[PDB]
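Just dropping this structure here.
Residue numbering begins at 1 within each chain, and the chains themselves are lettered A, B and C in the order written.
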Amino acid sequence: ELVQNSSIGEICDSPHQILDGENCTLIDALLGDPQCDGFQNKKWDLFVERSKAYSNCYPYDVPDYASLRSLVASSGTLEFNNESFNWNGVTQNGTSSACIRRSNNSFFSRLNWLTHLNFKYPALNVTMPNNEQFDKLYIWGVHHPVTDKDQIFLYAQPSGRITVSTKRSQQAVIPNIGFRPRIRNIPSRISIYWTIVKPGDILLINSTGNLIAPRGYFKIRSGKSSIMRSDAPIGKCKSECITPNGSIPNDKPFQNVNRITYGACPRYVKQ
Amino acid sequence: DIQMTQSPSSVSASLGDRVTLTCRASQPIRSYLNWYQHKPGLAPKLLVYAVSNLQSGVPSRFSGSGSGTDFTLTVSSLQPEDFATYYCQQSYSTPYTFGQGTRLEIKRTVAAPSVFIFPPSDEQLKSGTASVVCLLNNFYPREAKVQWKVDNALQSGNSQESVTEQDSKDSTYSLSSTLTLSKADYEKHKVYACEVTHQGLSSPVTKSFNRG
Amino acid sequence: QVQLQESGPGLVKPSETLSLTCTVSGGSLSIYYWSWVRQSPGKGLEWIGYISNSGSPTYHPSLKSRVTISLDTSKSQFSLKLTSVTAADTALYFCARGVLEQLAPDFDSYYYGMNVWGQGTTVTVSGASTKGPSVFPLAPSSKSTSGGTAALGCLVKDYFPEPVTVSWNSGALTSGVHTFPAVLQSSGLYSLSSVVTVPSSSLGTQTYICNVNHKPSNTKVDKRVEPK
């Protein structure tokens, strides 16, 4: 039995820096969800998601959910820096009753929801240089109203268009107005997208409406960190190997507890 | 390929109580489930999206929960206008199997019906058939017993009845019973009556006519 | 607002092909999907299949090759077809507006809600042909009155198939009206009764007409009732 037929049942906080999501998913903390304020600028070598995690903000979705989840996991850092964009002619800091922060109507802490200014929301030409030597990760969104009335009162534009572009890439999104089942008393949605701006490349935003603007970038280096889903508690112990069923000593050359591992782990074999 | 099961099947609960309807699944669904409100002769309405996520026009007294295989709905204070019959879907796999349904009973007003009787019209008698109609109006519980007597002969196998669904304004039912007889059997006898026995009836009630 | 209206036959002979048609009111299309479900007598709702606005359908595997659903945005109508129908297909069919979403908290699979519904089109699959009903008066006799409250009705007897719609005084009399669900007697025909409770003082004054429509048998009947 060089295979450890049963695991510890708990995950050791050592040596790998373990960050428990608890009531938060990585994406909710990435966007900044009211209950996820305590995850800002917080690093991790391994980030454990829980089955009990929800979202308590303004409903959204991500088309390529698996790419963005693996980006933030590989970097191991939620450190963003706020950059001052030039949002002349628009109303900033849009709030909603479905995203309650500090017992008040708020929004995602890292997203700026843009509405019209005096019923005029111009075409926006915005440039961001990225003078650094490391890949920036921008998180932006597109709001899908429920009616043509809602589209008009929010952006003063029946057909909004958004075109996030760099010297290398070019993304265009079109809103989708329509009646949608209420989510926490909200029939509207938001579509989340991401854009990597490489060093020396320029970020260009051309928008006419329905834009959930980003407030900053994130630092990505595709490091050693990763992400795992588990329900085993986090205990006070030291163990090189970590599995969704708990920590595991790495003294035996094989293992069958789970095919997902992290760190100095024995090679997996089946039952 | 993939089914569910909703418990209970049909339960009565008084006005102002608190009822819980549970939908059991074959496999864990997380929150890929929904609930609807289906009334008599009306289009079913959405109550719950995902879990505990309410629709427009739904009071806060409705509230659901649950995860995995077990989900419940809870009406904090039952109101008569709700009533209806309630289902659950399995929105996780492609068959989209729906729940069996759970009947909700208001069970609040307790009263006996005002009973009427109608003889066969001569238009129908000339056609060779006699249909006597005994009417029961505004009454609860649904459980009633209407017996037919032809010259004091207990009738069976020649009568049908149907009960209206709960009129939410008064939370009462109405019952109609149609005794069918041939023309030859109708004019051969004299006394016809419908004997009503019911919880709200202190004594069995009988309404009769005496020609035929 | 948004409403749906199923339209089609009320009776289909066995082994034929059903064809109903739902209608779009005043709502945008785009991401909506369009499903129908058939309510059995009491067996429980069964899901049939649903098409995207692009036109990509998926059946319910219980119906192996029996369902073919279509879409046409020019008329804002979309129909569903059931081939080789048998007696097991008697049901009450609905059309509903489904919305396909990926909720934020859990991305694991798709959600689906039937936001808008239609009232229903009763469909029977049987070999017996249609027949018009006979409306006999339920005359409000003196024995049919209790303490100043009289009741009168109309006996709609012997018809096929369901349903029938009964109104009073061209719809001008609704209070106290109780139209009971029909019963299937031994002759294979339906029969119900529609009564109304009125003040007994208005018997010698008000004229009471009951109006019945039967879409299958293609008959429209007016019948005023006076006691005697």
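Here, a residue touches a chain if its C-beta (ideal position, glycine included) is under 8 Å from a C-beta of that chain, and two chains touch if they have at least 3 such contacts.
K.L.:
Connecting every touching chain pair, does the picture come out as line, ring, star, complete or other?
P.N.:
It is complete, because no pair of chains fails to touch.
K.L.:
Have a look at B-C versus A-C and report the one with more C-beta pairs in contact.
P.N.:
Greater number of contacting C-beta pairs: B-C.
K.L.:
Could you grab the centroid distance between subunit A and subunit B? Build each centroid from C-alpha atoms only and quote it in angstrom.
P.N.:
Their C-alpha centroids are separated by 51 Å.
K.L.:
Roughly how far is subunit A from subunit C, going centre to centre by Cα mean, in whole Å?
P.N.:
The computed centroid separation for subunit A versus subunit C comes out at 49 Å.
K.L.:
With centres defined as the mean C-alpha position, give me the subunit B-subunit C separation in Å.
P.N.:
Taking the average C-alpha coordinate of subunit B and of subunit C, the gap between them is 18 Å.
K.L.:
Going by the contact rule already set, what residues in subunit B reach two or more other chains?
P.N.:
Subunit B, residues with two or more chain partners: 46, 49-50.
K.L.:
Quick one: which residues in subunit A touch 2 or more of the other chains?
P.N.:
181, 183
K.L.:
Please set out, as single numbers or ranges, the residues of subunit C touching at least two other chains.
P.N.:
Each of 103, 105, 113, 115 in subunit C touches at least two other chains.
K.L.:
Give the list of subunit B residues in touch with subunit A in this complex.
P.N.:
46, 49-50, 53-56
K.L.:
Please output the residues of subunit A touching subunit C within their complex, sorted ascending.
P.N.:
Going by the criterion above, the answer is residues 25, 27-28, 53-55, 59-62, 65, 176-181, 183, 189.
K.L.:
For a test of understanding, state which residues of subunit C touch subunit A in their complex under the given definition.
P.N.:
Residue positions touching the partner: 2, 27-28, 30-32, 99, 101-105, 107, 113, 115-116.
K.L.:
Residues of subunit A touching subunit B in their complex?
P.N.:
181-185, 187
K.L.:
Which bits of subunit C are touching subunit B when the two form their complex?
P.N.:
Touch residues, subunit C against subunit B: 4, 37, 44-47, 58, 60-62, 94, 103, 105-106, 108-115, 117-120, 134, 136-139, 141, 143-146, 149, 151, 153, 155, 157, 178-183, 185, 191-193, 195, 197.
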